[PDB]
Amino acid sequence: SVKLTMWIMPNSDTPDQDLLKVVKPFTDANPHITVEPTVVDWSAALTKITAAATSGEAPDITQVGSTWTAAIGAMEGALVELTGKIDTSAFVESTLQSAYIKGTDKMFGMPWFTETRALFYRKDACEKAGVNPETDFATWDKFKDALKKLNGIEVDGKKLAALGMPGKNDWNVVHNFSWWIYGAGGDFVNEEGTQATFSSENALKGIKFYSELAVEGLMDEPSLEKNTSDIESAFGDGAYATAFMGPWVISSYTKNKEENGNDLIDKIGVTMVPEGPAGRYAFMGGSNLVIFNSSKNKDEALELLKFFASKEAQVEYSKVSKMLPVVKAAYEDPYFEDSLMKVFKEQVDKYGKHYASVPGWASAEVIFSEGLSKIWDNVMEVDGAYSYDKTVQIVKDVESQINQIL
């Protein structure tokens, strides 16, 4: 029979089992097609996918970060063009921007799932600090005042940091700055996506406001030396009062309770990111699916992508992974009325903003990760006292690099 291979990026402790649970109805209905997933770590995925495209040794299908689709699709003869092959009228319209190469009419990926980053908070810590989560995180200024109340108060048998966020180089370095830049009134690029603009006065204002939360002692400075994975685990172990995280962590914390009784899942809530002077904006990300032009089973590969876009598969994928569907009909299922999941859906719908879907963006994220993390080294006073002037110089240099890539 036809043996389809596909690469997936992990966001759970059992990536392959989860995937096989979703595709079992497809293999049942199509007995002559089998699906075998192979996990590729996030840090290695961009290089591994790029090498697969240029060399011609690839699986049939791979997951791709939504923000990388245009970079891979723009590579001569790398991907099967999907424009006209997938019925996109059933998708959440906003999810389609990252499936195309901006400015062209060429679609090289299919939207698979969506995610955003929301504000997790500890209900018990807020009660002790006199913070009302419903209202006190609503704006930048209220958020900062709430962190001041939370900072260093003893909950149970430890002093909690008010906000825990990672600072080490991973792909989330830029994502975690994005909505602060947006909320300040700035953007990474011009409307056309051909010019970097995050050294504007407003972009710098958002960068300054967020990074100086750590200067002012409201962020756990030691956590800035760690990556997203470590902060997610630390929050699940009760280390912080608040953290901005994606919805998949809810699955981790639920499993922690089942496996050892860690009750952390029972004393957290989630609210939308605080509103800045520009209005409310949120990070919109997720992943798409692509078919390698080197595939010798392109017919079956397209059948499988269409399955992943089916309502039933979209609903089941969200339940197992906690990611958000990209297909409108999936939200008819009552599972999405859950008090935590509804926050993520409302936030990405009303306020979600995705990066420009341009071929150079994937390369830009490499530079963003290496460049913007130097801001956290400035805050940590590794090499000299903190200085906003140094942050400005870092951002100017990064902007010059990104302009050259674009």
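Residue numbers run from 1 along the displayed sequence. Here the rigid core means the biggest group of C-alpha atoms that line up within 1.5 Å when the two forms are laid on top of each other.
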remark   = With the rigid core as the fit reference, the stretch showing the greater C-alpha departure in 5 other deposited structures of this protein, 254 to 262 or 200 to 208, is 254 to 262
message = Which of the two stretches, 80 to 88 versus 274 to 282, has its Cα atoms farther on average from this form in 5 other deposited structures of this protein when everything is superposed by the rigid core?
response = 80 to 88
inquiry  = If you take the mean CA temperature factor per stretch, which one wins between 72 to 80 and 202 to 210?
reply    = 72 to 80
note = Of 103 to 111 and 219 to 227, the stretch with the higher mean C-alpha B-factor in the deposited entry is 219 to 227
Peak C-alpha temperature factor (PDB record), options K298, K142, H175, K322 = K298
message = Given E275, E191, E93, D187, identify the residue with the highest C-alpha B factor in the PDB entry.
response = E93
ask   = Lowest, middle or highest third of the chain for the C-alpha temperature factor of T242?
value = lowest
ask   = Ranked by Cα temperature factor within the chain, is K267 in the lowest third, the middle third or the highest third?
value = highest
task = Using the B-factors in the PDB entry, rank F344's C-alpha atom against the chain and give the third, lowest, middle or highest.
result = lowest
ask   = Considering only modelled residues of the same chain, in which third does the CA B-factor of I250 rank: lowest, middle or highest?
value = middle
remark   = Binned into thirds over the chain's modelled residues, the C-alpha B-factor of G183 lands in the lowest
